[PDB]
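*Asks:* Below you will find the structure I want to go over with you.
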Amino acid sequence: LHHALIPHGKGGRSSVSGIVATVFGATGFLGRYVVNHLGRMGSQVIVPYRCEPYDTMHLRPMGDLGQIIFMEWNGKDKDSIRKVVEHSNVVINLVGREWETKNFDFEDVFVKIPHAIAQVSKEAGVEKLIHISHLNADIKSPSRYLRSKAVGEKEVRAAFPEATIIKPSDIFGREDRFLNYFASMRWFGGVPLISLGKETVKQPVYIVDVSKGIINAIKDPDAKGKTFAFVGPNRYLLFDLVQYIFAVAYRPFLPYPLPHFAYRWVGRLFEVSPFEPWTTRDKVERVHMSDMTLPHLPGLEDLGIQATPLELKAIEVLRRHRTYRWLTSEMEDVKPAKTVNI
Amino acid sequence: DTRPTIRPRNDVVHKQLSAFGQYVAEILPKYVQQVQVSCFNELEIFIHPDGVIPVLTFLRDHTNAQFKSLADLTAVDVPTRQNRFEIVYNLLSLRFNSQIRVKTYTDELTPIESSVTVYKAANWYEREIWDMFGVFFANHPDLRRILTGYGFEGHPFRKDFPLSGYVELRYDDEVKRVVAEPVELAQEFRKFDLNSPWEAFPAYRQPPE
Amino acid sequence: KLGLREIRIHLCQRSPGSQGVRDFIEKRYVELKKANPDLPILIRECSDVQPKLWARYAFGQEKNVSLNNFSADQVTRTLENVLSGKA
Amino acid sequence: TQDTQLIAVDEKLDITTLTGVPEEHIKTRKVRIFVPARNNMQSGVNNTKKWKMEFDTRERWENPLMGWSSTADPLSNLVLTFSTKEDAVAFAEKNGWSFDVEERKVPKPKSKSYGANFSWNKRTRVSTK
Amino acid sequence: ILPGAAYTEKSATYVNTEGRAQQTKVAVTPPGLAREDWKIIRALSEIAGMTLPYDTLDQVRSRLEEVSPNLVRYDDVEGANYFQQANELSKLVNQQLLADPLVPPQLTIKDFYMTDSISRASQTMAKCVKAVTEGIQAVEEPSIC
Amino acid sequence: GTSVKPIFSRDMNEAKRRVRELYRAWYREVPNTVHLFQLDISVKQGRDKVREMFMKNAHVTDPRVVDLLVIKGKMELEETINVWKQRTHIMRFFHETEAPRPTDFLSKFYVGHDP
Amino acid sequence: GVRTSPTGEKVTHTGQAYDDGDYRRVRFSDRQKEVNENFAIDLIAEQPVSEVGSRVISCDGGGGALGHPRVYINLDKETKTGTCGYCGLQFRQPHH
Ligand SMILES: NC(=O)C1=CN([C@@H]2O[C@H](COP(=O)(O)OP(=O)(O)OC[C@H]3O[C@@H](n4cnc5c(N)ncnc54)[C@H](OP(=O)(O)O)[C@@H]3O)[C@@H](O)[C@H]2O)C=CC1
Ligand SMILES: [Zn+2]
């Protein structure tokens with residue numbers, strides 16, 4: 001190890017840990033928390049950004065002065081990535097759009113730029129890489145999300161043989177676009193879950209669990225080339241989350257089955273909005289898709305993190321969607337959803 | 001003054017205060033252990049911990065004293081003394097424009113019954129001496145914290161308490177709430193040993209011990 | 001196993017209790033060396049330590065007896081067994 | 001002579017719990033006691049007269065940006081002053097710190113002279129003046 | 001190679017050639033990944049199975065006392081005696097001599113300079129080695145601040 | 001020396017007597033503080049936590065000292081129930097933001113050169 | 001004057017030089033490594049050497065009150081030219 005990268009301190013904010021992160025697209029949900037965990041023991045992140053610096057303003061108070069640098073970077077440009085990864089012990093990739101964009105497509109955001117950053121990182125001389133994919137990333141899956149994730153996954157793995165791969169099942173948290181997305185369904189009448197959502201199972205993962213799992217993977221010397229997958233402690237049927245999170249939000253639960261083709265029609269209609277679409281056809285069939293149960297891939301328990309229950313850390317997020325009539329209601333009133341055991 | 005550099009003295013007040021020192025001394029030989037008038041016409045009444053009401057009530061209502069103004073009361077944490085704390089009241093007399101200082105010794109555990117009855121100005125003047133130092137005041141209306149943070153631990157003015165304390169805050173975005181951690185400074189305090197090895201003014205030199 | 005390779009005693013200089021070992025190593029130490037030459041006898045002598053035993057066996061085992069206020073004639077007896085049980 | 005509902009406690013007085021030094025700063029701090037030795041190129045001795053309360057030094061690392069001495073030892077820059085010693089130790093156990101002392105290195109009486117520099121048999125004849 | 005600490009960054013016990021024990025104290029801390037001297041031994045013992053019992057600093061001093069009573073008593077000259085007892089075990093050996101003259105390793109001042117690794121590492125103290133070798137010529141460093 | 005002042009309690013018997021009802025108050029409050037402070041922790045972990053700080057100093061014998069923590073501990077239950085403290089002031093006891101500190105000798109040795 | 005490091009990285013007068021990797025260098029990216037072009041060492045070395053014929057010369061440094069504490073540097077060393085500590089500019093005696 002280099003003389004300037006020897007870790008020191010008690011793992012505090014101004015302590016130095018010798019890890020030099022270069023998290024990509026951290027101006028998002030999970031990128032926020034990993035940087036927050038990255039600044040816990042004082043690891044100088046680079047966090048290249050493309051949006052306005054004001055939207056990146058909130059990341060400053062997660063590290064000592066000069067520990068969180070900000071570098072302008074463009075995905076399409078080649079030298080843009082290289083200019084932020086020359087002096088990085090590790091490189092973390094989190095770039096991903098959950099909807100179609102005119103200037104960036106699912107393919108462009110999931111095979112083009114992760115391969116490009118991986119090949120320059122190996123060329124630059126990085127020591128690690130953490131490319132995240134989806135646990136549901138299947139090459140022949142109906143969703144454009146999962147197939148794009150899969151083709152990029154083999155691309156980065158081929159480009160970087162030692163690139164540790166993370167595939168969390170589904171991410172639930174403060175602004176997950178998953179729990180709040182279900183809560184947002186109240187404004188459009190009843191819940192438009194196809195066939196009452198009785199045929200779909202998911203296993204959500206807490207942010208603190210996955211975000212920690214990143215830097216335990218970073219500090220673990222045996223994670224090079226592994227393909228860790230992060231899943232929650234319990235799975236639940238799709239109809240098993242909907243009423244539970246409605247109940248924990250105390251909102252009027254109105255399930256309403258409807259045909260899938262019309263569900264696709266609604267998804268396309270919401271896509272026509274020039275601004276950020278509320279829903280797209282990709283997430284339309286991604287919701288009803290059921291996660292696998294593959295145990296061969298190592299999990300977060302291998303690194304030494306226990307997967308927190310969905311019902312345990314839920315009051316923090318779903319409390320916002322409650323009204324004044326239930327803002328002070330505890331989680332004793334609600335009951336844990338009917339877990340489907342493996 | 002033939003020597004404008006040096007500050008002139010005033011013996012007229014000096015022995016008048018000394019006379020008043022003996023005055024209070026003879027009245028309470030059970031309380032007044034030590035009386036001392038310094039060079040700068042300052043009177044000191046060293047009292048026993050039990051005497052916080054009587055001598056102050058004496059100094060407040062007496063015809064020859066009339067000291068009703070509670071200037072301040074403060075502690076002087078001296079580690080090398082068996083009684084670390086030294087509560088030091090200050091009294092002001094409107095009628096005689098003089099100042100009176102009284103001192104009482106204390107350990108961490110020995111209590112002082114509150115002087116709220118004597119001086120009701122002292123109500124808020126224990127809520128911090130309990131905070132900063134930790135000397136508890138008996139039979140007192142409220143002993144709440146008003147200087148230290150809510151739920152802060154320790155008595156910072158104690159000379160064994162570090163300058164930087166133990167807890168440092170930071171807004172943690174994981175929990176959306178400011179939280180405390182063990183302190184770790186950007187730079188440590190470059191303490192200076194500026195006490196000259198050659199003896200200062202020999203007037204107050206300590207006797208051969 | 002309990003194979004013996006180090007013998008130590010700890011005595012105080014002027015203590016009456018240590019007079020036993022003090023008489024021991026004064027009169028009866030040179031032939032104790034002659035008894036088994038190849039086994040060093042660390043007789044460490046320090047202040048305000050009662051006459052005390054330290055016999056280091058194999059594997060790292062080290063066992064002791066508290067020969068406090070003993071006499072010269074049985075201290076060799078107290079160490080005959082550790083010579084007898086040297087293996 | 002001070003009877004106020006008089007009670008008796010024979011336990012050695014410790015106040016650690018109420019003072020609230022964190023539990024990792026109560027046992028892992030080997031507190032050593034000495035009278036500061038005079039700086040050897042300072043003939044004055046108005047420092048070799050009290051006792052201090054210095055701690056054990058902890059890790060001191062350089063700040064990544066500006067080369068500071070960032071230190072996570074809250075208690076490093078703190079020394080007390082004690083006239084005599086048993087109060088200094090009496091201070092030591094009442095908050096229950098790991099405790100040791102060092103005896104005051106009193107200057108031995110130097111038998112000084114000036115005629116020795118000009119002797120007739122003794123070698124104390126100085127070679128320069 | 002196990003990176004060990006130096007005497008300035010370790011709470012060491014050193015005994016002088018007259019038997020008195022001295023306790024060193026940590027002035028600076030060991031640089032980089034290096035640890036103290038007995039910490040690595042205890043760490044390897046724990047990882048190799050034969051875990052040593054004394055797990056703290058004070059524990060090793062007590063064990064040091066238990067294996068040597070004079071060692072843990074700092075700044076104290078414990079009396080050593082029984083010189084004639086040592087004499088008796090010297091009479092029976094009778095190894096005659098070797099006739100080469102007593103030449104101390106530090107024959108001149110130059111040999112005094114070069115003793116230990118910290119001495120050989122030190123370049124400023126090596127300037128004096130040049131100084132005694134030739135004179136004053138090169139070791140003259142201007143300082144007119 | 002041994003003879004000393006009873007700040008509030010003569011004997012260790014009445015020291016626990018001051019601990020008892022104060023624990024009762026420090027037992028009763030948990031459902032209401034967890035409700036109006038709008039936290040996420042459950043009542044039970046609040047209950048067993050109350051035990052936790054009742055434990056660490058359950059080893060002193062001096063009657064003055066123990067009942068000094070009695071008034072010391074008396075001094076936050078009202079600081080909480082009259083909403084004087086903050087959510088950041090009672091999550092502080094629920095030490096959560098720091099990574100687990102090292103317990104085994106190997107873990108300290110790996111982290112750094114500091115006991 | 002000022003030199004340049006292998007990474008360009010104009011080396012300051014003190015001699016600071018970030019080595020090849022030295023992750024700390026990333027702070028100079030998209031920014032400039034502030035270095036003072038004027039280097040004191042070679043900006044005084046070329047200054048003319050004073051020639052005063054006396055053993056002791058004051059060295060107030062110009063504007064006595066505004067300068068630096070006046071010294072009384074000696075001028076008897078013929079090997080090298082004696083300079084004030086604070087001023088640094090060099091006094092030499094012409095053939096003593
Ligand atoms: N439940 C879930 O949502 C799960 C998601 N993932 C994957 O995690 C990744 C990130 O998730 P999350 O952080 O929540 O997503 P967000 O939408 O909250 O943030 C995505 C980030 O990607 C950046 N980004 C996207 N496209 C580009 C581009 N073309 N050029 C530059 N930056 C770009 C965004 O920049 P900007 O902020 O400026 O838009 C932002 O920083 C995605 O790939 C996602 O599929 C993995 C597991 C579960
Ligand atoms: Zn000058």
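Residues are named by chain letter and number: chains run A, B, ... in the order of the structure tokens, numbers start at 1 in each chain, and ligands are numbered from 1 in the order shown.
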If we count only C-alpha atoms, what is near stretch 114-125 of chain B at a cut-off of 10 Å, once residues fewer than 2 positions away on the same chain are taken out, given as a PyMOL selection string?
*Replies:* chain B and resi 51-61+68-74+89+111-112+127-130+136-144+146
*Asks:* Please list as a list in words every residue within 9 Å of residue C:20, counting only C-alpha atoms and excluding residues in the same chain fewer than 4 positions away.
*Replies:*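 Listing them by chain and then by number gives residues 16, 24, 25, 51, 67, 68, 69, 70, 71, 72, 73, 74 and 75 of chain C.
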*Asks:* Using C-alpha atoms, can you write the selected residues to a file as an mmCIF file, in the first residue's frame?
*Replies:*
```
data_model
loop_
_atom_site.group_PDB
_atom_site.id
_atom_site.type_symbol
_atom_site.label_atom_id
_atom_site.label_comp_id
_atom_site.auth_asym_id
_atom_site.auth_seq_id
_atom_site.Cartn_x
_atom_site.Cartn_y
_atom_site.Cartn_z
ATOM 1 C CA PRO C 16 13.937 -14.120 57.593
ATOM 2 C CA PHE C 24 20.312 -23.424 50.605
ATOM 3 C CA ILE C 25 22.222 -21.649 47.842
ATOM 4 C CA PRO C 51 10.939 -17.514 49.118
ATOM 5 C CA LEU C 67 7.898 -22.189 50.155
ATOM 6 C CA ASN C 68 7.325 -19.211 52.440
ATOM 7 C CA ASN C 69 9.429 -19.288 55.642
ATOM 8 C CA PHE C 70 11.009 -22.650 54.902
ATOM 9 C CA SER C 71 14.313 -24.203 56.002
ATOM 10 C CA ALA C 72 17.406 -25.332 54.134
ATOM 11 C CA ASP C 73 17.034 -29.058 54.765
ATOM 12 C CA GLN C 74 13.546 -29.519 53.252
ATOM 13 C CA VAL C 75 13.813 -27.011 50.386
#
```
*Asks:* What residues in chain F lie within 7 Å of chain B, counting only C-alpha atoms, written as a short mmCIF file (atom, residue, chain, number, x, y, z; two decimals) with N, CA, C and O atoms, in the first residue's frame?
*Replies:*
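Below you can see result_38.cif, which holds the result:
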```
data_model
loop_
_atom_site.label_atom_id
_atom_site.label_comp_id
_atom_site.auth_asym_id
_atom_site.auth_seq_id
_atom_site.Cartn_x
_atom_site.Cartn_y
_atom_site.Cartn_z
N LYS F 5 -21.51 13.02 55.63
CA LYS F 5 -22.81 13.67 55.49
C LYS F 5 -23.76 12.83 54.63
O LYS F 5 -23.36 12.33 53.57
N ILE F 7 -26.23 13.13 52.04
CA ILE F 7 -26.81 14.09 51.09
C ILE F 7 -28.33 13.92 50.98
O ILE F 7 -29.08 14.89 51.10
N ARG F 64 -23.97 7.98 49.06
CA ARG F 64 -24.08 9.30 48.45
C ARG F 64 -23.95 9.20 46.94
O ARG F 64 -24.66 9.89 46.19
N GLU F 76 -33.47 13.75 33.80
CA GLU F 76 -33.84 13.65 32.40
C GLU F 76 -35.27 13.19 32.15
O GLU F 76 -35.80 13.46 31.07
N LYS F 85 -36.21 18.03 25.73
CA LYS F 85 -35.18 17.42 24.89
C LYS F 85 -35.72 17.22 23.47
O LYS F 85 -36.90 17.45 23.18
N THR F 88 -33.10 14.07 18.57
CA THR F 88 -31.66 13.86 18.56
C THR F 88 -31.09 13.70 19.96
O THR F 88 -29.94 13.27 20.09
N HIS F 89 -31.85 14.04 20.99
CA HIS F 89 -31.35 13.98 22.36
C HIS F 89 -31.64 12.64 23.03
O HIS F 89 -31.01 12.34 24.05
N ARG F 92 -29.59 9.76 20.93
CA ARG F 92 -28.18 9.79 21.30
C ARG F 92 -27.85 8.62 22.22
O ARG F 92 -26.79 8.00 22.07
#
```
*Asks:* Within 8 Å of ligand 1, which residues show up when you count only C-alpha atoms and all ligand atoms? List them as a PyMOL selection string, please.
*Replies:* chain A and resi 24-32+49-52+55+73-76+94-98+103-104+108-110+113+132-135+145+167-172+175-178
*Asks:* What residues in chain F lie within 7 Å of chain D, counting only C-alpha atoms, written as a PyMOL selection string?
*Replies:* chain F and resi 2-6+10+57+61-62+65+69+114-115
*Asks:* Write the residues of the preceding selection, restricted to N, CA and C atoms, as a compact mmCIF listing (two decimals), in the first residue's frame.
*Replies:*
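Below is the file result_21.txt, written as the result:
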```txt
# COMPACT_ATOMS: atom_id res chain seq x y z
N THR F 2 -14.21 8.30 57.97
CA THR F 2 -15.33 7.42 57.64
C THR F 2 -16.66 8.12 57.88
N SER F 3 -16.77 8.86 58.97
CA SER F 3 -17.99 9.61 59.25
C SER F 3 -18.15 10.72 58.22
N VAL F 4 -19.34 10.79 57.61
CA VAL F 4 -19.60 11.70 56.50
C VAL F 4 -21.10 12.00 56.47
N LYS F 5 -21.51 13.02 55.63
CA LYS F 5 -22.81 13.67 55.49
C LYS F 5 -23.76 12.83 54.63
N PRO F 6 -25.02 12.65 55.06
CA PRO F 6 -26.05 12.01 54.22
C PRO F 6 -26.75 12.96 53.25
N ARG F 10 -29.29 7.99 54.35
CA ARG F 10 -28.34 7.42 55.30
C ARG F 10 -27.74 6.13 54.76
N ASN F 57 -23.70 1.31 36.44
CA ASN F 57 -23.32 1.86 37.73
C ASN F 57 -24.00 1.14 38.88
N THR F 61 -20.91 1.27 46.15
CA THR F 61 -21.35 1.00 47.51
C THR F 61 -21.58 2.25 48.34
N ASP F 62 -20.99 3.38 47.96
CA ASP F 62 -21.17 4.61 48.71
C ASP F 62 -22.60 5.11 48.55
N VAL F 65 -23.02 8.38 46.47
CA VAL F 65 -22.75 8.32 45.04
C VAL F 65 -23.97 7.79 44.30
N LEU F 69 -26.47 9.65 41.36
CA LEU F 69 -27.04 9.26 40.07
C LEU F 69 -28.55 9.18 40.12
N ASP F 114 -3.41 0.98 19.31
CA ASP F 114 -4.04 1.67 20.43
C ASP F 114 -4.93 0.71 21.22
N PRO F 115 -4.49 0.28 22.41
CA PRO F 115 -5.25 -0.53 23.37
C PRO F 115 -6.73 -0.18 23.45
```
*Asks:* What does the list of residues within 8 Å of ligand 2 look like if you count only C-alpha atoms and all ligand atoms, written as a short mmCIF file (atom, residue, chain, number, x, y, z; two decimals) with N, CA and C atoms, in the first residue's frame?
*Replies:*
```cif
data_model
loop_
_atom_site.label_atom_id
_atom_site.label_comp_id
_atom_site.auth_asym_id
_atom_site.auth_seq_id
_atom_site.Cartn_x
_atom_site.Cartn_y
_atom_site.Cartn_z
N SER G 58 26.09 47.76 10.72
CA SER G 58 24.69 47.53 11.04
C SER G 58 23.95 47.00 9.82
N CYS G 59 22.87 46.27 10.06
CA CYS G 59 22.10 45.63 9.01
C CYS G 59 20.61 45.84 9.21
N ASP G 60 20.21 47.09 9.44
CA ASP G 60 18.80 47.38 9.72
C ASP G 60 17.88 46.97 8.58
N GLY G 61 18.39 46.94 7.35
CA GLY G 61 17.59 46.52 6.21
C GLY G 61 16.80 47.61 5.53
N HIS G 68 14.03 45.63 9.91
CA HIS G 68 14.14 44.49 10.80
C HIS G 68 15.11 44.84 11.92
N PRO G 69 15.00 44.15 13.08
CA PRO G 69 15.88 44.47 14.21
C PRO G 69 17.34 44.55 13.82
N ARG G 70 17.95 45.71 14.05
CA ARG G 70 19.29 45.97 13.56
C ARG G 70 20.30 45.05 14.23
N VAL G 71 21.11 44.38 13.42
CA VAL G 71 22.13 43.48 13.90
C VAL G 71 23.49 44.13 13.66
N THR G 83 26.52 37.72 6.20
CA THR G 83 25.20 38.27 5.91
C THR G 83 24.36 38.37 7.17
N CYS G 84 23.46 39.36 7.19
CA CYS G 84 22.50 39.46 8.29
C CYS G 84 21.58 38.26 8.29
N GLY G 85 21.21 37.83 9.50
CA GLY G 85 20.29 36.71 9.61
C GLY G 85 18.92 37.02 9.02
N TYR G 86 18.35 38.16 9.41
CA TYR G 86 17.02 38.52 8.93
C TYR G 86 17.07 38.98 7.48
N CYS G 87 18.06 39.82 7.14
CA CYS G 87 18.10 40.41 5.81
C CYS G 87 18.48 39.39 4.75
N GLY G 88 19.48 38.56 5.04
CA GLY G 88 19.97 37.60 4.07
C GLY G 88 20.91 38.17 3.03
N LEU G 89 20.80 39.45 2.69
CA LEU G 89 21.73 40.06 1.76
C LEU G 89 23.11 40.19 2.40
#
```
*Asks:* Contacts from chain E to chain F, 12 Å maximum, only C-alpha atoms: show me the residue list as a count of residues only.
*Replies:* 36
*Asks:* For residue D:75, please output as a PyMOL selection string all residues within 12 Å (counting only C-alpha atoms; exclusion window: fewer than 2 positions along the same chain).
*Replies:* (chain B and resi 159-166+182-185+188-189) or (chain D and resi 21-22+24-26+28-31+53-58+71-73+77-80)
*Asks:* Could the residues in this selection be saved with C-alpha atoms as an mmCIF file, in the first residue's frame?
*Replies:*
```
data_model
loop_
_atom_site.group_PDB
_atom_site.id
_atom_site.type_symbol
_atom_site.label_atom_id
_atom_site.label_comp_id
_atom_site.auth_asym_id
_atom_site.auth_seq_id
_atom_site.Cartn_x
_atom_site.Cartn_y
_atom_site.Cartn_z
ATOM 1 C CA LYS B 159 -10.269 20.842 35.575
ATOM 2 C CA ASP B 160 -10.151 17.120 34.731
ATOM 3 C CA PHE B 161 -12.600 17.660 31.842
ATOM 4 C CA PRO B 162 -10.896 18.091 28.455
ATOM 5 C CA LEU B 163 -11.188 21.293 26.452
ATOM 6 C CA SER B 164 -12.790 19.558 23.470
ATOM 7 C CA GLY B 165 -15.062 17.374 25.580
ATOM 8 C CA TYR B 166 -16.063 13.949 24.312
ATOM 9 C CA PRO B 182 -16.408 10.591 19.980
ATOM 10 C CA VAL B 183 -14.517 13.795 19.287
ATOM 11 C CA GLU B 184 -11.663 13.768 16.794
ATOM 12 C CA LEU B 185 -10.227 17.145 15.878
ATOM 13 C CA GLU B 188 -5.014 18.906 18.252
ATOM 14 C CA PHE B 189 -4.429 21.702 20.757
ATOM 15 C CA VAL D 21 -15.609 9.668 31.621
ATOM 16 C CA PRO D 22 -16.458 7.134 28.872
ATOM 17 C CA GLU D 24 -12.984 3.241 27.185
ATOM 18 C CA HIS D 25 -11.278 6.318 28.689
ATOM 19 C CA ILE D 26 -11.496 5.018 32.274
ATOM 20 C CA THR D 28 -7.411 2.145 28.921
ATOM 21 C CA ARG D 29 -5.651 5.310 30.173
ATOM 22 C CA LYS D 30 -2.444 4.509 32.059
ATOM 23 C CA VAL D 31 -2.116 7.701 34.095
ATOM 24 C CA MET D 53 -1.564 14.398 35.848
ATOM 25 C CA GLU D 54 -0.313 13.578 32.344
ATOM 26 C CA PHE D 55 -1.836 10.766 30.327
ATOM 27 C CA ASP D 56 -0.529 8.235 27.811
ATOM 28 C CA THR D 57 -0.123 9.555 24.278
ATOM 29 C CA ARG D 58 -2.384 8.073 21.603
ATOM 30 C CA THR D 71 -5.965 13.321 17.084
ATOM 31 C CA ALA D 72 -8.876 11.309 18.485
ATOM 32 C CA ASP D 73 -7.544 11.376 22.068
ATOM 33 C CA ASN D 77 -3.778 17.825 26.130
ATOM 34 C CA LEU D 78 -4.681 17.878 29.839
ATOM 35 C CA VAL D 79 -2.363 17.970 32.856
ATOM 36 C CA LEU D 80 -3.321 18.857 36.424
#
```
*Asks:* Determine which residues of chain C DSSP labels as helix (DSSP H, G or I) from the backbone of this structure, then write them out as a ChimeraX atom specification.
*Replies:* /C:19-27,30-35,58-60,72-84
*Asks:* Could you pull the residues within 12 Å of stretch 61-64 of chain C, counting only C-alpha atoms, minus those fewer than 2 positions along the same chain, as a ChimeraX atom specification?
*Replies:* /C:1-10,51-59,66-68,78-79,82 /E:52,63,66-67
*Asks:* What separation in Å, quoted to one decimal, exists between atom CA of residue A:91 and atom CA of residue A:22?
*Replies:*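 Separation of atom CA of residue A:91 and atom CA of residue A:22: 4.9 Å.
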*Asks:* Set the distance at 12 Å and use only C-alpha atoms: which residues neighbour residue G:30 once local chain neighbours fewer than 6 positions away are removed? I'd like the list as a CSV table (one decimal) with N, CA, C and O atoms, in the first residue's frame.
*Replies:*
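Result went into out_26.csv, see below:
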```
chain,number,residue,atom,x,y,z
A,48,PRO,N,-18.0,12.1,-9.2
A,48,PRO,CA,-18.2,12.9,-10.4
A,48,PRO,C,-19.7,13.1,-10.6
A,48,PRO,O,-20.5,12.2,-10.4
A,69,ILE,N,-14.6,15.8,-2.9
A,69,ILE,CA,-14.4,16.6,-4.1
A,69,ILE,C,-15.5,16.4,-5.1
A,69,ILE,O,-16.3,15.4,-5.0
A,70,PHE,N,-15.7,17.4,-5.9
A,70,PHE,CA,-16.8,17.3,-7.0
A,70,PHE,C,-16.1,17.6,-8.3
A,70,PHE,O,-15.5,18.6,-8.5
A,71,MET,N,-16.3,16.7,-9.3
A,71,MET,CA,-15.7,16.8,-10.6
A,71,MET,C,-16.8,16.7,-11.6
A,71,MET,O,-17.7,15.8,-11.6
A,72,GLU,N,-16.8,17.6,-12.6
A,72,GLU,CA,-17.8,17.6,-13.7
A,72,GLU,C,-17.4,16.4,-14.6
A,72,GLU,O,-16.2,16.3,-14.9
A,73,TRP,N,-18.3,15.6,-15.0
A,73,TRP,CA,-18.1,14.5,-15.9
A,73,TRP,C,-19.3,14.2,-16.8
A,73,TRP,O,-20.4,14.4,-16.4
A,80,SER,N,-13.7,12.0,-19.8
A,80,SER,CA,-14.4,12.5,-18.6
A,80,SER,C,-14.2,11.5,-17.5
A,80,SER,O,-14.0,11.9,-16.3
A,83,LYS,N,-10.5,11.2,-16.1
A,83,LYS,CA,-10.1,12.4,-15.4
A,83,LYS,C,-10.4,12.2,-13.9
A,83,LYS,O,-9.9,13.0,-13.1
A,84,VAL,N,-11.3,11.3,-13.5
A,84,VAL,CA,-11.7,11.1,-12.1
A,84,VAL,C,-11.2,9.8,-11.5
A,84,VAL,O,-11.5,9.5,-10.3
```
*Asks:* What is the distance between atom CA of residue A:44 and atom CA of residue A:157, in Å to one decimal?
*Replies:*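 Distance reported for this atom pair: 25.8 Å.
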*Asks:* Name all residues at most 12 Å from residue B:12 (count only C-alpha atoms; drop same-chain ones fewer than 5 positions away) and give them as a list in words.
*Replies:*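 Selected residues are residues 17, 18, 19, 40 and 41 of chain B.
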*Asks:* Could you save those same residues with N, CA, C and O atoms as a PDB file, in the first residue's frame?
*Replies:*
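result.pdb written:
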```pdb
ATOM      1  N   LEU B  17     -11.565  48.229  56.405  1.00  0.00           N
ATOM      2  CA  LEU B  17     -12.039  46.894  56.068  1.00  0.00           C
ATOM      3  C   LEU B  17     -11.485  45.862  57.038  1.00  0.00           C
ATOM      4  O   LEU B  17     -12.207  44.949  57.452  1.00  0.00           O
ATOM      5  N   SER B  18     -10.214  46.002  57.426  1.00  0.00           N
ATOM      6  CA  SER B  18      -9.641  45.109  58.425  1.00  0.00           C
ATOM      7  C   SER B  18     -10.394  45.209  59.744  1.00  0.00           C
ATOM      8  O   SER B  18     -10.626  44.196  60.415  1.00  0.00           O
ATOM      9  N   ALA B  19     -10.780  46.425  60.137  1.00  0.00           N
ATOM     10  CA  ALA B  19     -11.594  46.586  61.335  1.00  0.00           C
ATOM     11  C   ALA B  19     -12.932  45.875  61.188  1.00  0.00           C
ATOM     12  O   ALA B  19     -13.381  45.185  62.111  1.00  0.00           O
ATOM     13  N   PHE B  40      -5.200  44.988  47.633  1.00  0.00           N
ATOM     14  CA  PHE B  40      -6.119  45.872  46.918  1.00  0.00           C
ATOM     15  C   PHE B  40      -7.473  45.970  47.617  1.00  0.00           C
ATOM     16  O   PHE B  40      -8.523  45.851  46.988  1.00  0.00           O
ATOM     17  N   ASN B  41      -7.437  46.208  48.926  1.00  0.00           N
ATOM     18  CA  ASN B  41      -8.612  46.564  49.723  1.00  0.00           C
ATOM     19  C   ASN B  41      -9.798  45.640  49.450  1.00  0.00           C
ATOM     20  O   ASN B  41     -10.930  46.080  49.239  1.00  0.00           O
TER      21      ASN B  41
END
```
*Asks:* Can you write out as a tab-separated table which residues of chain A fall within 10 Å of chain D, alongside each residue's closest atom pair and its distance in Å to one decimal, counting only C-alpha atoms and ordering rows by chain and ascending residue number?
*Replies:*
```
residue	atom	partner	partner_atom	distance
A:4	CA	D:64	CA	8.2
A:5	CA	D:64	CA	9.6
A:7	CA	D:61	CA	9.3
A:8	CA	D:61	CA	6.4
A:9	CA	D:72	CA	6.7
A:10	CA	D:72	CA	6.9
A:11	CA	D:72	CA	9.6
A:12	CA	D:72	CA	8.3
A:14	CA	D:70	CA	7.2
A:15	CA	D:70	CA	7.7
A:16	CA	D:64	CA	7.2
A:18	CA	D:64	CA	9.9
A:42	CA	D:64	CA	9.7
A:44	CA	D:64	CA	9.0
A:64	CA	D:65	CA	9.7
A:65	CA	D:65	CA	8.3
A:66	CA	D:65	CA	6.6
A:67	CA	D:64	CA	8.2
```
*Asks:* Quote the spacing between atom CA of residue B:196 and atom CA of residue D:36 in Å to one decimal place.
*Replies:*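 It comes out at 12.7 Å.
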*Asks:* Check every residue of chain A for an atom within 10 Å of chain F, counting only C-alpha atoms, and provide those that qualify as an NGL selection string.
*Replies:* :A and (7-12 or 37 or 40-41 or 212 or 312-316 or 319 or 327-332)
*Asks:* From a DSSP pass on the backbone, collect the residues of chain G flagged as strand (DSSP E) and hand them back as a PyMOL selection string.
*Replies:* chain G and resi 3-5+8-11+50-51+91-92
